[PDB]
$ cat final-v2.txt   # compact mmCIF, C-alpha atoms
# COMPACT_ATOMS: atom_id res chain seq x y z
CA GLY A 1 32.93 -80.91 24.35
CA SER A 2 33.70 -83.81 22.02
CA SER A 3 31.06 -85.86 23.83
CA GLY A 4 27.82 -84.24 22.71
CA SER A 5 25.23 -84.19 25.49
CA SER A 6 21.99 -86.03 24.74
CA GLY A 7 18.73 -84.08 24.89
CA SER A 8 18.95 -80.29 24.89
CA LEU A 9 19.87 -78.96 21.45
CA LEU A 10 22.98 -77.25 22.82
CA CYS A 11 24.50 -77.03 26.30
CA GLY A 12 27.78 -76.68 28.17
CA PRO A 13 29.56 -74.71 30.92
CA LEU A 14 29.27 -70.98 30.24
CA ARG A 15 29.95 -67.68 32.00
CA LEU A 16 27.83 -64.54 32.35
CA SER A 17 28.65 -60.89 33.03
CA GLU A 18 26.94 -57.49 32.94
CA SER A 19 28.63 -54.96 30.66
CA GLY A 20 31.87 -56.82 31.30
CA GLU A 21 32.01 -56.06 35.02
CA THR A 22 31.51 -59.25 37.03
CA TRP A 23 31.88 -62.72 35.53
CA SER A 24 30.08 -65.67 37.12
CA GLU A 25 29.95 -69.42 36.50
CA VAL A 26 26.65 -70.64 35.06
CA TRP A 27 25.15 -73.35 32.86
CA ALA A 28 23.84 -72.63 29.37
CA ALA A 29 21.40 -74.99 27.66
CA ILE A 30 18.57 -74.73 25.13
CA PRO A 31 15.25 -76.58 25.58
CA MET A 32 14.52 -78.82 22.59
CA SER A 33 10.81 -78.09 23.09
CA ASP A 34 11.66 -74.43 22.48
CA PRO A 35 14.67 -73.82 20.20
CA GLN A 36 13.87 -70.10 20.31
CA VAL A 37 15.07 -69.57 23.88
CA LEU A 38 18.30 -69.93 25.86
CA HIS A 39 17.84 -71.11 29.44
CA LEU A 40 20.47 -70.40 32.10
CA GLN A 41 21.16 -72.17 35.39
CA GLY A 42 23.30 -70.64 38.11
CA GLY A 43 24.16 -71.81 41.61
CA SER A 44 23.99 -69.57 44.67
CA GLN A 45 25.70 -66.62 43.00
CA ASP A 46 22.80 -64.33 42.08
CA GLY A 47 19.20 -64.23 40.91
CA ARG A 48 18.99 -61.12 38.74
CA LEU A 49 20.47 -63.31 36.00
CA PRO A 50 17.99 -64.08 33.18
CA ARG A 51 16.20 -67.43 33.12
CA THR A 52 14.68 -67.35 29.63
CA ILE A 53 16.23 -65.36 26.79
CA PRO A 54 14.14 -64.82 23.62
CA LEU A 55 16.71 -65.37 20.87
CA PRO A 56 14.09 -64.33 18.29
CA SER A 57 14.19 -60.87 19.88
CA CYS A 58 17.89 -60.87 20.74
CA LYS A 59 20.75 -59.30 18.77
CA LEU A 60 24.11 -61.08 18.71
CA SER A 61 26.98 -58.59 18.71
CA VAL A 62 30.62 -59.57 19.17
CA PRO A 63 32.68 -57.16 21.32
CA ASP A 64 36.14 -55.92 20.36
CA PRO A 65 39.25 -57.74 21.66
CA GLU A 66 40.83 -54.48 22.79
CA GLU A 67 38.37 -54.34 25.68
CA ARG A 68 39.56 -55.37 29.14
CA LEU A 69 37.30 -58.42 29.40
CA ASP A 70 38.17 -61.58 31.33
CA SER A 71 37.79 -64.27 28.67
CA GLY A 72 39.18 -64.18 25.14
CA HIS A 73 36.23 -65.43 23.11
CA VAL A 74 32.97 -63.84 24.24
CA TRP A 75 29.90 -62.34 22.57
CA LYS A 76 27.51 -59.61 23.72
CA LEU A 77 23.71 -59.75 23.76
CA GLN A 78 21.37 -56.76 23.92
CA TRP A 79 17.61 -57.28 24.21
CA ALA A 80 14.57 -56.26 26.24
CA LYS A 81 16.60 -53.24 27.35
CA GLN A 82 19.23 -55.57 28.80
CA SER A 83 22.91 -56.38 28.28
CA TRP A 84 24.72 -59.63 29.07
CA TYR A 85 28.00 -61.28 28.09
CA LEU A 86 28.49 -64.93 27.15
CA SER A 87 32.08 -66.19 27.08
CA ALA A 88 33.14 -69.51 25.56
CA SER A 89 36.09 -71.84 26.14
CA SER A 90 37.44 -70.95 22.70
CA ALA A 91 36.51 -69.84 19.18
CA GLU A 92 35.49 -73.41 18.36
CA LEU A 93 32.92 -73.54 21.17
CA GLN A 94 32.11 -69.87 20.62
CA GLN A 95 30.98 -70.69 17.08
CA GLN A 96 28.62 -73.51 18.04
CA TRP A 97 26.98 -71.02 20.41
CA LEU A 98 26.84 -68.11 17.97
CA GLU A 99 25.48 -70.20 15.10
CA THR A 100 22.85 -72.19 17.00
CA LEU A 101 21.69 -68.88 18.49
CA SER A 102 21.68 -66.80 15.30
CA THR A 103 20.10 -69.60 13.27
CA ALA A 104 17.41 -69.85 15.94
CA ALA A 105 16.54 -66.16 16.07
CA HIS A 106 16.11 -66.14 12.29
CA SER A 107 13.93 -69.14 11.42
CA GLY A 108 14.59 -70.37 7.89
CA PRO A 109 13.44 -73.81 6.70
CA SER A 110 10.85 -76.07 8.35
CA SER A 111 12.83 -77.16 11.41
CA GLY A 112 12.81 -76.99 15.19

$ encode --input "final-v2.txt" --output "structure tokens"
Amino acid sequence: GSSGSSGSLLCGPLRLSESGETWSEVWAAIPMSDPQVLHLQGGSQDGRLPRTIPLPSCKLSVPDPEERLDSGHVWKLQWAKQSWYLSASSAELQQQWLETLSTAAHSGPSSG
């Protein structure tokens, strides 16, 4: 999204799926107040979906392309004995999501 949204550190249309089984349309956005969590908003599709994901305690692992997933660029996340999939429009957008996330989990300099 060329036009960066004002407010939340990072946001934009994203999809979610469990162990690459059922993909659903949701909204991904991080709360400036808390750059160590990834909030998710979904319409009337399901509730089970996670509301607050603790990046600090989340491992970012990219799945192989050989898999029979739906999207092309998507990363896996395993934490709190859970497993979700976050697909991105393309590598470009997939990077902004991976970085922001990774960087968050591992706090470096005085920021956030």

$ closest_atom_pairs --input "final-v2.txt" --of "range 3-38 of chain A" --to "range 57-66 of chain A" --cutoff "12 Å" --atoms "all atoms listed in the file" --output "tab-separated table"
residue	atom	partner	partner_atom	distance
A:19	CA	A:63	CA	10.4
A:20	CA	A:63	CA	10.0
A:36	CA	A:57	CA	9.2
A:37	CA	A:57	CA	9.6
A:38	CA	A:58	CA	10.4

$ atom_distance --input "final-v2.txt" --atom1 "CA of residue 1 in chain A" --atom2 "CA of residue 93 in chain A"
8.0 Å

$ atom_distance --input "final-v2.txt" --atom1 "CA of residue 74 in chain A" --atom2 "CA of residue 7 in chain A"
24.8 Å

$ closest_atom_pairs --input "final-v2.txt" --of "range 65-106 of chain A" --to "range 22-32 of chain A" --cutoff "10 Å" --atoms "only C-alpha atoms" --output "Markdown table"
| residue | atom | partner | partner_atom | distance |
| --- | --- | --- | --- | --- |
| A:69 | CA | A:23 | CA | 9.2 |
| A:70 | CA | A:23 | CA | 7.6 |
| A:71 | CA | A:23 | CA | 9.2 |
| A:85 | CA | A:23 | CA | 8.5 |
| A:86 | CA | A:28 | CA | 9.3 |
| A:87 | CA | A:23 | CA | 9.1 |
| A:97 | CA | A:28 | CA | 9.6 |
| A:100 | CA | A:30 | CA | 9.5 |
| A:101 | CA | A:30 | CA | 9.4 |

$ atom_distance --input "final-v2.txt" --atom1 "CA of residue 105 in chain A" --atom2 "CA of residue 75 in chain A"
15.3 Å

$ residues_around --input "final-v2.txt" --residues "residue 51 in chain A" --least-positions-apart "6" --cutoff "9 Å" --atoms "all atoms listed in the file" --output "PyMOL selection string"
chain A and resi 38-41

$ residues_around --input "final-v2.txt" --residues "residue 73 in chain A" --least-positions-apart "3" --cutoff "8 Å" --atoms "all atoms listed in the file" --output "ChimeraX atom specification"
/A:87-91,94

$ closest_residue --input "final-v2.txt" --among "A:83, A:13, A:55, A:43" --to "residue 99 in chain A" --atoms "only C-alpha atoms"
A:55

$ decode --input "final-v2.txt" --residues "range 28-60 of chain A" --atoms "N, CA, C and O atoms" --output "PDB file, in the first residue's frame"
ATOM      1  N   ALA A  28      -5.157  -7.050   9.621  1.00  0.00           N
ATOM      2  CA  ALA A  28      -4.005  -7.061  10.514  1.00  0.00           C
ATOM      3  C   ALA A  28      -3.505  -5.646  10.783  1.00  0.00           C
ATOM      4  O   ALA A  28      -3.294  -4.866   9.855  1.00  0.00           O
ATOM      5  N   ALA A  29      -3.317  -5.322  12.058  1.00  0.00           N
ATOM      6  CA  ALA A  29      -2.840  -4.000  12.448  1.00  0.00           C
ATOM      7  C   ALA A  29      -2.228  -4.028  13.845  1.00  0.00           C
ATOM      8  O   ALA A  29      -2.749  -4.682  14.748  1.00  0.00           O
ATOM      9  N   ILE A  30      -1.120  -3.315  14.014  1.00  0.00           N
ATOM     10  CA  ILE A  30      -0.438  -3.258  15.301  1.00  0.00           C
ATOM     11  C   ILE A  30      -0.745  -1.953  16.029  1.00  0.00           C
ATOM     12  O   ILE A  30      -0.728  -0.869  15.445  1.00  0.00           O
ATOM     13  N   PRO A  31      -1.031  -2.057  17.334  1.00  0.00           N
ATOM     14  CA  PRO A  31      -1.345  -0.895  18.171  1.00  0.00           C
ATOM     15  C   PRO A  31      -0.094  -0.138  18.605  1.00  0.00           C
ATOM     16  O   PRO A  31       0.732  -0.663  19.351  1.00  0.00           O
ATOM     17  N   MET A  32       0.037   1.097  18.134  1.00  0.00           N
ATOM     18  CA  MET A  32       1.187   1.926  18.476  1.00  0.00           C
ATOM     19  C   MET A  32       1.504   1.830  19.965  1.00  0.00           C
ATOM     20  O   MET A  32       2.659   1.660  20.353  1.00  0.00           O
ATOM     21  N   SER A  33       0.470   1.941  20.793  1.00  0.00           N
ATOM     22  CA  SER A  33       0.640   1.870  22.240  1.00  0.00           C
ATOM     23  C   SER A  33       1.422   0.622  22.635  1.00  0.00           C
ATOM     24  O   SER A  33       2.205   0.641  23.586  1.00  0.00           O
ATOM     25  N   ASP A  34       1.205  -0.462  21.898  1.00  0.00           N
ATOM     26  CA  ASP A  34       1.890  -1.721  22.170  1.00  0.00           C
ATOM     27  C   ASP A  34       2.442  -2.327  20.884  1.00  0.00           C
ATOM     28  O   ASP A  34       1.756  -3.062  20.171  1.00  0.00           O
ATOM     29  N   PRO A  35       3.709  -2.014  20.576  1.00  0.00           N
ATOM     30  CA  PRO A  35       4.380  -2.517  19.374  1.00  0.00           C
ATOM     31  C   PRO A  35       4.852  -3.959  19.535  1.00  0.00           C
ATOM     32  O   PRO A  35       5.554  -4.490  18.675  1.00  0.00           O
ATOM     33  N   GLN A  36       4.463  -4.584  20.641  1.00  0.00           N
ATOM     34  CA  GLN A  36       4.848  -5.964  20.913  1.00  0.00           C
ATOM     35  C   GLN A  36       3.642  -6.894  20.821  1.00  0.00           C
ATOM     36  O   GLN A  36       3.584  -7.920  21.499  1.00  0.00           O
ATOM     37  N   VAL A  37       2.681  -6.527  19.980  1.00  0.00           N
ATOM     38  CA  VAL A  37       1.476  -7.328  19.800  1.00  0.00           C
ATOM     39  C   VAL A  37       0.827  -7.049  18.449  1.00  0.00           C
ATOM     40  O   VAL A  37       0.821  -5.912  17.974  1.00  0.00           O
ATOM     41  N   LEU A  38       0.282  -8.092  17.833  1.00  0.00           N
ATOM     42  CA  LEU A  38      -0.370  -7.961  16.536  1.00  0.00           C
ATOM     43  C   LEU A  38      -1.863  -8.254  16.644  1.00  0.00           C
ATOM     44  O   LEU A  38      -2.272  -9.410  16.758  1.00  0.00           O
ATOM     45  N   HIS A  39      -2.672  -7.200  16.607  1.00  0.00           N
ATOM     46  CA  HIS A  39      -4.121  -7.345  16.697  1.00  0.00           C
ATOM     47  C   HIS A  39      -4.706  -7.805  15.365  1.00  0.00           C
ATOM     48  O   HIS A  39      -4.153  -7.520  14.302  1.00  0.00           O
ATOM     49  N   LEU A  40      -5.826  -8.516  15.430  1.00  0.00           N
ATOM     50  CA  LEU A  40      -6.487  -9.015  14.229  1.00  0.00           C
ATOM     51  C   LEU A  40      -7.992  -8.782  14.298  1.00  0.00           C
ATOM     52  O   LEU A  40      -8.626  -9.058  15.316  1.00  0.00           O
ATOM     53  N   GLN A  41      -8.559  -8.274  13.208  1.00  0.00           N
ATOM     54  CA  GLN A  41      -9.991  -8.006  13.146  1.00  0.00           C
ATOM     55  C   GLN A  41     -10.639  -8.776  12.000  1.00  0.00           C
ATOM     56  O   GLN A  41     -10.250  -8.629  10.842  1.00  0.00           O
ATOM     57  N   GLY A  42     -11.630  -9.597  12.332  1.00  0.00           N
ATOM     58  CA  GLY A  42     -12.316 -10.378  11.319  1.00  0.00           C
ATOM     59  C   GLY A  42     -13.823 -10.230  11.394  1.00  0.00           C
ATOM     60  O   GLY A  42     -14.394 -10.173  12.483  1.00  0.00           O
ATOM     61  N   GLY A  43     -14.469 -10.165  10.234  1.00  0.00           N
ATOM     62  CA  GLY A  43     -15.913 -10.021  10.196  1.00  0.00           C
ATOM     63  C   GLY A  43     -16.630 -11.199  10.824  1.00  0.00           C
ATOM     64  O   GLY A  43     -16.154 -11.774  11.803  1.00  0.00           O
ATOM     65  N   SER A  44     -17.779 -11.559  10.262  1.00  0.00           N
ATOM     66  CA  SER A  44     -18.566 -12.673  10.777  1.00  0.00           C
ATOM     67  C   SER A  44     -18.142 -13.986  10.124  1.00  0.00           C
ATOM     68  O   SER A  44     -18.947 -14.657   9.478  1.00  0.00           O
ATOM     69  N   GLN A  45     -16.874 -14.344  10.298  1.00  0.00           N
ATOM     70  CA  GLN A  45     -16.344 -15.576   9.726  1.00  0.00           C
ATOM     71  C   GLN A  45     -16.080 -16.612  10.813  1.00  0.00           C
ATOM     72  O   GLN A  45     -16.393 -17.791  10.648  1.00  0.00           O
ATOM     73  N   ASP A  46     -15.504 -16.164  11.923  1.00  0.00           N
ATOM     74  CA  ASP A  46     -15.199 -17.053  13.038  1.00  0.00           C
ATOM     75  C   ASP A  46     -14.667 -16.265  14.231  1.00  0.00           C
ATOM     76  O   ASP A  46     -14.251 -15.116  14.094  1.00  0.00           O
ATOM     77  N   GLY A  47     -14.686 -16.892  15.403  1.00  0.00           N
ATOM     78  CA  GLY A  47     -14.204 -16.235  16.604  1.00  0.00           C
ATOM     79  C   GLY A  47     -12.895 -16.816  17.099  1.00  0.00           C
ATOM     80  O   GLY A  47     -12.010 -16.083  17.542  1.00  0.00           O
ATOM     81  N   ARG A  48     -12.770 -18.137  17.025  1.00  0.00           N
ATOM     82  CA  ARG A  48     -11.560 -18.817  17.471  1.00  0.00           C
ATOM     83  C   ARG A  48     -10.325 -17.966  17.194  1.00  0.00           C
ATOM     84  O   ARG A  48      -9.433 -17.854  18.036  1.00  0.00           O
ATOM     85  N   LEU A  49     -10.278 -17.368  16.009  1.00  0.00           N
ATOM     86  CA  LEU A  49      -9.151 -16.526  15.620  1.00  0.00           C
ATOM     87  C   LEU A  49      -8.614 -15.748  16.816  1.00  0.00           C
ATOM     88  O   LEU A  49      -9.360 -15.337  17.706  1.00  0.00           O
ATOM     89  N   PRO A  50      -7.290 -15.539  16.840  1.00  0.00           N
ATOM     90  CA  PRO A  50      -6.623 -14.806  17.921  1.00  0.00           C
ATOM     91  C   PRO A  50      -6.833 -13.299  17.815  1.00  0.00           C
ATOM     92  O   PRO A  50      -6.847 -12.740  16.718  1.00  0.00           O
ATOM     93  N   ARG A  51      -6.997 -12.647  18.962  1.00  0.00           N
ATOM     94  CA  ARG A  51      -7.207 -11.205  18.997  1.00  0.00           C
ATOM     95  C   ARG A  51      -5.896 -10.471  19.258  1.00  0.00           C
ATOM     96  O   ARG A  51      -5.599  -9.459  18.621  1.00  0.00           O
ATOM     97  N   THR A  52      -5.111 -10.986  20.199  1.00  0.00           N
ATOM     98  CA  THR A  52      -3.832 -10.380  20.545  1.00  0.00           C
ATOM     99  C   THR A  52      -2.708 -11.410  20.514  1.00  0.00           C
ATOM    100  O   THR A  52      -2.705 -12.363  21.295  1.00  0.00           O
ATOM    101  N   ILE A  53      -1.757 -11.213  19.609  1.00  0.00           N
ATOM    102  CA  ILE A  53      -0.626 -12.124  19.477  1.00  0.00           C
ATOM    103  C   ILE A  53       0.651 -11.500  20.031  1.00  0.00           C
ATOM    104  O   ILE A  53       1.107 -10.452  19.573  1.00  0.00           O
ATOM    105  N   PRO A  54       1.243 -12.158  21.037  1.00  0.00           N
ATOM    106  CA  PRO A  54       2.477 -11.688  21.673  1.00  0.00           C
ATOM    107  C   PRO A  54       3.712 -11.976  20.826  1.00  0.00           C
ATOM    108  O   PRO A  54       4.338 -13.026  20.961  1.00  0.00           O
ATOM    109  N   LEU A  55       4.057 -11.035  19.953  1.00  0.00           N
ATOM    110  CA  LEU A  55       5.218 -11.187  19.083  1.00  0.00           C
ATOM    111  C   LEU A  55       6.445 -11.612  19.884  1.00  0.00           C
ATOM    112  O   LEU A  55       7.180 -12.524  19.503  1.00  0.00           O
ATOM    113  N   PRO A  56       6.674 -10.937  21.020  1.00  0.00           N
ATOM    114  CA  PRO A  56       7.811 -11.228  21.898  1.00  0.00           C
ATOM    115  C   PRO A  56       7.952 -12.719  22.187  1.00  0.00           C
ATOM    116  O   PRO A  56       9.060 -13.221  22.379  1.00  0.00           O
ATOM    117  N   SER A  57       6.825 -13.422  22.216  1.00  0.00           N
ATOM    118  CA  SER A  57       6.824 -14.855  22.484  1.00  0.00           C
ATOM    119  C   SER A  57       6.322 -15.635  21.273  1.00  0.00           C
ATOM    120  O   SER A  57       5.713 -16.695  21.412  1.00  0.00           O
ATOM    121  N   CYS A  58       6.581 -15.100  20.084  1.00  0.00           N
ATOM    122  CA  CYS A  58       6.154 -15.744  18.847  1.00  0.00           C
ATOM    123  C   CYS A  58       7.340 -15.960  17.911  1.00  0.00           C
ATOM    124  O   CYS A  58       8.172 -15.071  17.730  1.00  0.00           O
ATOM    125  N   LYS A  59       7.409 -17.146  17.318  1.00  0.00           N
ATOM    126  CA  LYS A  59       8.491 -17.481  16.401  1.00  0.00           C
ATOM    127  C   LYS A  59       8.028 -17.376  14.951  1.00  0.00           C
ATOM    128  O   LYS A  59       7.032 -17.988  14.561  1.00  0.00           O
ATOM    129  N   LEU A  60       8.756 -16.599  14.156  1.00  0.00           N
ATOM    130  CA  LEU A  60       8.421 -16.416  12.749  1.00  0.00           C
ATOM    131  C   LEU A  60       9.152 -17.431  11.877  1.00  0.00           C
ATOM    132  O   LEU A  60      10.373 -17.372  11.730  1.00  0.00           O
TER     133      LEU A  60
END
